[PDB]
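# Remarks on the overall topology
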There are 4 protein chains.
Amino acid sequence: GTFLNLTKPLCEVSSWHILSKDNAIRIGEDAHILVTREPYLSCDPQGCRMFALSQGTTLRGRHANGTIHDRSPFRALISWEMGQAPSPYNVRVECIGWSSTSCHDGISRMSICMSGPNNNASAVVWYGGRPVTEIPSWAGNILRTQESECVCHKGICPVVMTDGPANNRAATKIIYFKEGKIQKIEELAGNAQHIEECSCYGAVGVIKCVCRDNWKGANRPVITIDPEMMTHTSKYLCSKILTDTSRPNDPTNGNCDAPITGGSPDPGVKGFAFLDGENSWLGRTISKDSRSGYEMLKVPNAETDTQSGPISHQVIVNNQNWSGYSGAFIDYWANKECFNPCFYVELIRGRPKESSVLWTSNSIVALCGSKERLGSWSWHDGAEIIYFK
Amino acid sequence: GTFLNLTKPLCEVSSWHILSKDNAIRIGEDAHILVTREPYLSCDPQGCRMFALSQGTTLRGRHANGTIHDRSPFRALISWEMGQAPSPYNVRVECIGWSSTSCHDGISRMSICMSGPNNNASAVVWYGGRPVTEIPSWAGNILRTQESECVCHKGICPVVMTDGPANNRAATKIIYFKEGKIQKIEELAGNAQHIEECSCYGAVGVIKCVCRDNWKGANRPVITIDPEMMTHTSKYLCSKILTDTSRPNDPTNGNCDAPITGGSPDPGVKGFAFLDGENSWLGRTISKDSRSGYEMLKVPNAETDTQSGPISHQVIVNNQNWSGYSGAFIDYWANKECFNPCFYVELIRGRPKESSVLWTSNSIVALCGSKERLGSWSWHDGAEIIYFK
Amino acid sequence: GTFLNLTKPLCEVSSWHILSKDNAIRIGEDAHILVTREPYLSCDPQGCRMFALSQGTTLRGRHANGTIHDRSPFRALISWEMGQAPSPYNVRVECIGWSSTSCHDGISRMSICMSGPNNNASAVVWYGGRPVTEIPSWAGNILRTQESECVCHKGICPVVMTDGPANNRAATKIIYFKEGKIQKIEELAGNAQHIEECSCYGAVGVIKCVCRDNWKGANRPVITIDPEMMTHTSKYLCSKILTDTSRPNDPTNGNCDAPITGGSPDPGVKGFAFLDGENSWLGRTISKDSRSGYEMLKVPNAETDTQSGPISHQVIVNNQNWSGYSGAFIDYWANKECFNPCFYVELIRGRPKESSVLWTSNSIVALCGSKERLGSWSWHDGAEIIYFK
Amino acid sequence: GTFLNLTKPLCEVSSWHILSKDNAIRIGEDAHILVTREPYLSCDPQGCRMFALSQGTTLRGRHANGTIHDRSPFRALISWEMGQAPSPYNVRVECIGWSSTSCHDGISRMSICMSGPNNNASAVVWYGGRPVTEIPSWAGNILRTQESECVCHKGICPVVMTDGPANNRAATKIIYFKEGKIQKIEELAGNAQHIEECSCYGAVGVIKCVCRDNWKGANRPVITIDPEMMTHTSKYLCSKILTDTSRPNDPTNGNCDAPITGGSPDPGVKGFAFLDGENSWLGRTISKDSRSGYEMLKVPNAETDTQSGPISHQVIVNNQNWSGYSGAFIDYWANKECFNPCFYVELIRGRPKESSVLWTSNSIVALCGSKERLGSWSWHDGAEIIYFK
Ligand SMILES: *[C@@H]1O[C@H](CO)[C@@H](O[C@@H]2O[C@H](CO)[C@@H](O[C@@H]3O[C@H](CO[C@H]4O[C@H](CO[C@H]5O[C@H](CO)[C@@H](O)[C@H](O)[C@@H]5O)[C@@H](O)[C@H](O[C@H]5O[C@H](CO)[C@@H](O)[C@H](O)[C@@H]5O)[C@@H]4O)[C@@H](O)[C@H](O)[C@@H]3O)[C@H](O)[C@H]2NC(C)=O)[C@H](O)[C@H]1NC(C)=O
Ligand SMILES: *[C@@H]1O[C@H](CO)[C@@H](O[C@@H]2O[C@H](CO)[C@@H](O[C@@H]3O[C@H](CO[C@H]4O[C@H](CO[C@H]5O[C@H](CO)[C@@H](O)[C@H](O)[C@@H]5O)[C@@H](O)[C@H](O[C@H]5O[C@H](CO)[C@@H](O)[C@H](O)[C@@H]5O)[C@@H]4O)[C@@H](O)[C@H](O)[C@@H]3O)[C@H](O)[C@H]2NC(C)=O)[C@H](O)[C@H]1NC(C)=O
Ligand SMILES: *[C@@H]1O[C@H](CO)[C@@H](O[C@@H]2O[C@H](CO)[C@@H](O[C@@H]3O[C@H](CO[C@H]4O[C@H](CO[C@H]5O[C@H](CO)[C@@H](O)[C@H](O)[C@@H]5O)[C@@H](O)[C@H](O[C@H]5O[C@H](CO)[C@@H](O)[C@H](O)[C@@H]5O)[C@@H]4O)[C@@H](O)[C@H](O)[C@@H]3O)[C@H](O)[C@H]2NC(C)=O)[C@H](O)[C@H]1NC(C)=O
Ligand SMILES: *[C@@H]1O[C@H](CO)[C@@H](O[C@@H]2O[C@H](CO)[C@@H](O[C@@H]3O[C@H](CO[C@H]4O[C@H](CO[C@H]5O[C@H](CO)[C@@H](O)[C@H](O)[C@@H]5O)[C@@H](O)[C@H](O[C@H]5O[C@H](CO)[C@@H](O)[C@H](O)[C@@H]5O)[C@@H]4O)[C@@H](O)[C@H](O)[C@@H]3O)[C@H](O)[C@H]2NC(C)=O)[C@H](O)[C@H]1NC(C)=O
Ligand SMILES: *[C@@H]1O[C@H](CO)[C@@H](O[C@@H]2O[C@H](CO)[C@@H](O[C@@H]3O[C@H](CO)[C@@H](O)[C@H](O)[C@@H]3O)[C@H](O)[C@H]2NC(C)=O)[C@H](O)[C@H]1NC(C)=O
Ligand SMILES: *[C@@H]1O[C@H](CO)[C@@H](O[C@@H]2O[C@H](CO)[C@@H](O[C@@H]3O[C@H](CO)[C@@H](O)[C@H](O)[C@@H]3O)[C@H](O)[C@H]2NC(C)=O)[C@H](O)[C@H]1NC(C)=O
Ligand SMILES: CO[C@@H]([C@@H]1OC(C(=O)O)=C[C@H](NC(=N)N)[C@H]1NC(C)=O)[C@H](O)CO
Ligand SMILES: CO[C@@H]([C@@H]1OC(C(=O)O)=C[C@H](NC(=N)N)[C@H]1NC(C)=O)[C@H](O)CO
Ligand SMILES: CO[C@@H]([C@@H]1OC(C(=O)O)=C[C@H](NC(=N)N)[C@H]1NC(C)=O)[C@H](O)CO
Ligand SMILES: CO[C@@H]([C@@H]1OC(C(=O)O)=C[C@H](NC(=N)N)[C@H]1NC(C)=O)[C@H](O)CO
Ligand SMILES: [Ca+2]
Ligand SMILES: [Ca+2]
Ligand SMILES: [Ca+2]
Ligand SMILES: [Ca+2]
């Protein structure tokens, strides 16, 4: 292998084609399928794999009771062959913990998991399947990270991590890794007031991360990283089209420099956007209140124009169905002249919205860009909650 | 690897020997086995694999209820090691959708799946395990394809696709792929009035496809393709021995140029034939009404002689047992001086004929030619439907 | 790889050490384990694997009902990693049928399965994972073979096959294969009156097979093969120590040339012996009536001396436990200066002796020679039949 | 591969980071997970794997009843991918028996299992996946070994084995293997009065084993081995901090040369320590009576100073949770300039402490050293015993 260099431009995207869907909850109704949440996909020169945080129990198992809980000693980052559902028989355990990121640098995979008590968490950084670096909490308040893939360039893989309050100012850092070893640490700069769960992708030597402000904004922070100089800037997505959940109705004008407040009752959800001038796409839940539905909106100059609105759209999950986290990934090793945007949607089932069952889990759907105008339908989870009762 | 060239003649066949049988319904009564339908086999330089369209649930799972349904967001083309039954633990997800084809060109495997709503379906073409091409519906009416393997020659893999009515004239095309990229598109020519679900095989630079006319004919359309010139002709199988289901009693004379109408109540089933002058074999269900039984009939000059009849036969599935789809494949990489014909029979269990259960699934049996005169017995599914009730 | 040559002598054996045990019935009480019978082991340059005839259902599955039945379209030769229990998730399907043999020639594995109706069975010969040769029944009466491994020398792999009555004279042949292709066919010569289920091993250019006479003898036929000249002789094991089941009490004198009759009520069981002058070991069930217990007896010159008796023994399965078939195999690719004898015992559970359950299956234990004097205990199946009721 | 040489010093350790956790009992409540005990981890150039002694049944299976029993013909040493739970579908059977050790010499893995009756047990030594050496019991009283990994240096892998009483003087030997072949046998020397279940690690040409005295001492024997000269010494851990279970309260002064008696009611448990001057860490159960809790104590000069006490600590399992065996391993092939200490804790569930269920099994947690001061929490098993009732 050789280090991945972000030499290619982002592919132009007119619509989104289906890449994978694991149907994990449908299958797990009667097969041995692990309870998960916070899934994503990440690729390497050989292909793409699914990742998620296991809860250390099967879906039909009695220990699925209580799995709304975010952090326990029984969680682990697992990865498995794309399209399969995660079972205790087919998963690779990448690391142990309850917040993660992973990316392949062209030679080996780096995986990072945080674990431990809220006031004393720590990250273990794995490279090539072995632990190489450990990082203690710097603020004593739930050290945590992206919950989707990082991006590498010339062997340098930046990772955004946050430690501190979910509902007040926190301490966010960008750590630049090479072979799992810290090359540089930056404190977050810029105008984003709060940063969690960054979804990142790269093209032409630039890494862009679209994140979650859990404190104030219904608009999403955007971090722009130069992995060569190891420097960054941050602000908010300018567009009036707000993409956090919960959020208020979209105003007539967005805000690049400050959080747009409002919405009820959730303070945030992980999400993403591809930001490339006219070739810009924003994902969001269809409901402004809850994690239901998912739509892709083509919003030219969303990153820079406070008045930018949608010129096209594609419903990914209809609003009668539950969604969840969403994030970016790219098959940087595809046989193409451009890097083609891909994304996944986490389809959360169970608590708290379906509180008739005792568990919380998800399945995954993933799509990639097409220059064609492709028809669309809803790629909802497809399980009947009544079958679990 | 090097591109497969169809340089060899078709092997002479006197009888059929057992190749594989997965016993999927028997096993799935108590193991975690995926609900499937529309199966086939396809080979590569390493060996042969089984393929089918999953329904995204196990057979004993509650979500098996309703799996008579043809098209949903929970279906995918899966492949697995020949002889094993398909489980969520052992399958490779080739692509996502509800109609498929797949073939190996000698270097990598191309897999194609259609998905989406009836009026806006699309094909995603995968090559070497990555998506490379997308094709939108051209007629807005269930874009669909072969449901068995395609065939490649010098890197060129033609695929027959249809978009339009199941019960009226439709828009069929032959798309010639190379590395999953479109080289040429032809509109279907010839006298076949309606084309679905082509079963194809190749020898000496010729690709022959035997298809399903769902509109009029109880005789099967035959498409003859030159993968070098990328041109084709089409007509009907000439023999009076009719091989669609449903069909009327065989007349005294077949018809090469026009559909022979009649039969009740089904308009069609996927099937196949090997057409090589005196070395010609037709498969069909034993019942002229329903998908029950399966027989191989040696009908010399079936392709060209309207009066041709059987000179030998071999029952594959007795008429007291359910059959289903059937199709052609060949291990083009076998250590032999000729390409030996193989075929599979889909053994459908459940709805609509066994409506005492809520599901529809199948198992697979596959056989290959022998120059020996081998004894035969019935290779039925072998599950007891009562055990599922 | 290079062809295996039988250049080495047989190792001296003083006792038997444990090699593997799959505990298949214990595990299968609650895991997805295939119903099997007629198991064996066979090695290759990479290691050893377990083989058996699947019944195409799991042990706890409803289709296990009726699995006392010997021959059905739902059986297949399966192989799996030594020590694991056979599941639908971990087995390789070698071929389809209800009688088998398999062996590796140093380059690739040959596997043979018979299938079909009693009066019209056929063998399909596979080599390197592909079917290469087909053989029709020559006597129209259950064409069948060894049910344990064959042996190869300089690419030549002889296989003993029988077609005809189980209770009268039958037509036995030795077929000499190379790369799955017939090199020569011999009709059985010698004084053995009936030959079934040969257990074979090789050393110094000689292949010896110890078989089952189902017609007359309670003494076992022995076939001695020269795989270079492709010729053989046959007679009975000379020793007064009789090793078929059922059998009468051992007489004062054995018989080399003719069957010793008597015993009740079973006409035979597959078994084996290692015959090397003073270094000779006979296996047999402990009960002279039934398939219970298993003992290894060191009987110097058993092959040639009608008065030879045991000078040492090792109980493998105590007589309070069920046994079954037994057979020979050798890791011909071991890092040793001699070929070390190994054997397996099939531990049959269920019908007909435990008719309180509806099924018949087995687990496996396998042992190899040691020059040490090792302590021994019983390696019985270990399942409680009551747990299955 | 090339032989591992113990050329590197031991890494300095300030705290312990999470390496792996399989959650086997949680998962096994509803998945097919093997009953085990006596687990460990062992690495090779490719990575690390989990090992344990299977009981030849699943956890939910009826045959789990009675698995408190230590020795049966249904046990085997199994290994599996680190982090997964052990299932009959994912384990490699290393050898058959009820006491084991395993280690990789840089080229291949040696695995050893004892099996047989108490008065006639024997070890089978496997190398490169094949049996190479057999060793009969020398004292006729439960020949047994380490239950964690051995250590290799220049191809020489010493193994500590004991044969004789659990409650009186026994016959312990160190056997020096190369490629599974005995190079030398030493009778145990030194002042340790009784030696069982040694936990070993190596650095700078020295192998140190920390063991269990089941006869007298609540202090742990320490064996120091020179794998080049193939010689050793033994005595007790000097520290007043006693680390066997059961044990009395720690005295004011430890004892290097003689057992410190007392404690009730258990005579011993397998444990470990890393002994490197000031860089010394002792593990022990938190309860002095029972196998509950687990703590790591940094005790400078524990090996040599009878008055040495803890200067820091880290709770691994809180005292409200069950622990069990603990042992040492090191990834000798890590990309580091020092050998970093790792350890596992066996988390025993079921009998005899939870006698409300009929079974005994365990899960695994494993941790490795860090020079960072990392926060900690309890890594208990996490299953609810009530769910199994
Ligand atoms: C076969 O497949 C084709 C390819 O997939 C498909 O092509 C699609 O065709 C449709 C119809 O021509 C096109 O729709 C167009 O979309 C743009 C953008 O619409 C989006 O944004 C507007 C504006 O939203 C903002 O303003 C409103 C207030 O005005 C606020 O509520 C909102 O929050 C924003 O602030 C929005 O109104 C649209 O809403 C629609 O869609 C959402 C889901 O996203 C629904 O929840 C909602 O009820 C409503 O239906 C939408 O979000 C719009 O400006 C145009 O007027 C036009 O509607 C698609 O872009 C196009 N897609 C692609 C990928 O080409 C074919 O239609 C299909 N054929 C058939 C027969 O099905
Ligand atoms: C050991 O194994 C041997 C190898 O497998 C096996 O060999 C077989 O031997 C039989 C008997 O000699 C041969 O049978 C021959 O078959 C031909 C062709 O028969 C087929 O076609 C005719 C004509 O069908 C058309 O016409 C009728 C009206 O006349 C219409 O109904 C029909 O729709 C067509 O339009 C057909 O009548 C036959 O029907 C038989 O078989 C079908 C199943 O296909 C049954 O449903 C039906 O009830 C009837 O039994 C058949 O379809 C025929 O012309 C000859 O007269 C002769 O019957 C096999 O060809 C031969 N097979 C091979 C591969 O060599 C041995 O028999 C076996 N030994 C034993 C003891 O079992
Ligand atoms: C630790 O392990 C050691 C190694 O495993 C073990 O060593 C064993 O020690 C014993 C005792 O010294 C030795 O036993 C010897 O065996 C020979 C051969 O015995 C076998 O054959 C005779 C003769 O059978 C024929 O004749 C009789 C009529 O006389 C017929 O019934 C029969 O059908 C034949 O025609 C037979 O009588 C023996 O029967 C015994 O064993 C069978 C099981 O095979 C039982 O069913 C039966 O009830 C009876 O117990 C036997 O089949 C014998 O001639 C000697 O007199 C002596 O008995 C072992 O050979 C030896 N094994 C090895 C591998 O070295 C240690 O004993 C063990 N230590 C402890 C404490 O357990
Ligand atoms: C974020 O994470 C940090 C890193 O993990 C963590 O850092 C830890 O900080 C604590 C507090 O400053 C340090 O604790 C120190 O530990 C030493 C050693 O204590 C151990 O040994 C003593 C002595 O035991 C012997 O003597 C007594 C009689 O006096 C006997 O009972 C005993 O059997 C021995 O003979 C012992 O008393 C201690 O007992 C404590 O811990 C045990 C568990 O091991 C409990 O069961 C018990 O109830 C009690 O709590 C202990 O065994 C001690 O001398 C110091 O005074 C101080 O207590 C840790 O060393 C340190 N760890 C590391 C790895 O750096 C931070 O605390 C954490 N932050 C937060 C907010 O949680
Ligand atoms: C298998 O799937 C079928 C189809 O989904 C299930 O049948 C359906 O069951 C639901 C729930 O009882 C029925 O819904 C009801 O419909 C009536 C009339 O529309 C409405 O008034 C009620 O409030 C309720 O919505 C539905 O009609 C019914 N459909 C059919 C065709 O029978 C069936 O229960 C499933 N079986 C199993 C064993 O899971
Ligand atoms: C778990 O395993 C234990 C131990 O095998 C089972 O308990 C045993 O059950 C058997 C059958 O009921 C008892 O056998 C009986 O013993 C009496 C007295 O010896 C005898 O007179 C009877 O004819 C019969 O043989 C056995 O005593 C009993 N052992 C103990 C220690 O209780 C138990 O049933 C198993 N539990 C489950 C849920 O499988
Ligand atoms: C605590 O809540 C945070 C995370 O949010 C939630 C969610 O569904 O919204 C999922 C995570 N679950 C896991 N990653 N396991 C959380 N993050 C963690 C570390 O708990 C939030 O971002 C506030 O800081
Ligand atoms: C809709 O019916 C078509 C297909 O037919 C049926 C069948 O059992 O006959 C199976 C397919 N199921 C799947 N491939 N899933 C269909 N084809 C599709 C695309 O639905 C028919 O050929 C008419 O156009
Ligand atoms: C029919 O009985 C024969 C075979 O014997 C039996 C047995 O348990 O004794 C197992 C086989 N089961 C299978 N191999 N499946 C048989 N052999 C066959 C071909 O049925 C016997 O050797 C007489 O010819
Ligand atoms: C018999 O007890 C010994 C072993 O101890 C126990 C235990 O939980 O304490 C587990 C083992 N279980 C297994 N390894 N299976 C034993 N060791 C054996 C060989 O039984 C002890 O060390 C006394 O000699
Ligand atoms: Ca927010
Ligand atoms: Ca038709
Ligand atoms: Ca006999
Ligand atoms: Ca002790």
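Residues numbered from 1 in each chain as written, not as in the entry; some residues may be left out. Chains lettered and ligands numbered in written order. Heavy atoms only, no water.

Structure determination for the deposited model, as stated in its record, used X-ray crystallography, and the stated resolution is 1.945 Å.

Within the PDB entry, the label attached to chain A reads Neuraminidase, and the organism entered is Influenza A virus. Here the PDB entry title reads "Crystal structure of Neuraminidase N6 complexed with Laninamivir". Recorded in UniProt under Sequence similarities (unreviewed entry), the annotation for chain A is "Belongs to the glycosyl hydrolase 34 family." The annotation that UniProt attaches to chain A under Catalytic activity (unreviewed entry) is "Hydrolysis of alpha-(2->3)-, alpha-(2->6)-, alpha-(2->8)- glycosidic linkages of terminal sialic acid residues in oligosaccharides, glycoproteins, glycolipids, colominic acid and synthetic substrates." (UniProt positions renumbered as here; feature names shortened; annotations may be inferred.)

The subject of this paragraph is the packing of aromatic side chains. Following the criterion strictly, the structure yields 56 aromatic pairs over all chains and no others. When the centroid spacing of 5.7 Å and the interplanar angle of 70° are considered together, the rings of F272 of chain A and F274 of chain A count as edge-to-face. Assigned by exposure class, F272 of chain A and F274 of chain A land together as buried. Seen in terms of ring centroids, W16 of chain D and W281 of chain D are 5.5 Å apart; in terms of plane orientation they differ by 85°. Their pairing is edge-to-face. Of the two residues, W16 of chain D is situated in strand β1 (residues 15-21) and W281 of chain D in strand β18 (residues 281-284); the sequence distance between them amounts to 265 residues. (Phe/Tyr/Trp six-rings, centres within 6.5 Å; stacked < 30°, edge-to-face > 60°. Buried < 20%, exposed > 50% of the residue type's maximum accessible area, 1.4 Å probe, protein only. Helix = DSSP H or I, 4+ residues; strand = E, 2+ residues; numbered from the N terminus.)

Another aspect to go through is the sheet that holds strand β5 (residues 92-96) of chain D. Residue and element names in this part refer to chain D. In space, the 4 strands of this open sheet follow the order β2-β3-β4-β5, with antiparallel pairing throughout. Two strands close off the open sheet at either side, each with one partner strand: β2 (34-44) and β5. For this sheet the average axis-to-axis angle between neighbouring strands, irrespective of direction, equals 30°. With 6 bridges joining them, strand β3 (residues 47-58) and strand β4 (residues 76-81) adopt antiparallel strand pairing. Within the sheet, the bridge partner assigned to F51 lies in β4 and is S79. (Pairing = 2+ DSSP bridges. Axes fitted to C-alpha atoms, helices over the stretch in contact; angles between N-to-C directions.)

This brings us to the site of ligand 9. Residues and elements named next belong to chain C. Contacts to ligand 9 come from 16 residues, most closely from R37, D70, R71, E196 and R291. Here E196 contributes a side-chain N or O atom positioned 2.5 Å from an oxygen atom of ligand 9. Note that an oxygen atom of ligand 9 is positioned 3.0 Å from one of the side-chain N or O atoms of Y325. A total of 510 Å² of accessible area belongs to ligand 9 in isolation, and the protein chains cover 89% of it. Split by residue class, the shell around ligand 9 holds 4 nonpolar, 1 polar and 11 charged. (Near = heavy atom within 4 Å. Polar contact = N/O pair within 3.5 Å; in protein donor to acceptor, adjacent residues only side chain to side chain. Areas by Shrake-Rupley, 256 points an atom, 1.4 Å probe, with all protein chains shown as cover. Nonpolar A, V, L, I, M, F, W, Y, C, P; charged D, E, K, R; others polar.)

Residues and elements named next belong to chain D. All of the protein donors around the calcium ion (ligand 14) are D213 (O), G217 (O), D244 (OD) and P267 (O); their distances to the metal are 2.3 Å. Mapped onto the sequence, the residues coordinating the calcium ion (ligand 14) show the spacing D-x3-G-x26-D-x22-P. Residue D213 is classed as buried on the basis of its relative accessible area of 0%. What makes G217 buried here is its relative accessible area of 3%. (Donors = N, O, S within 2.8 Å, 3.2 Å for Na, K, Ca; no water.)

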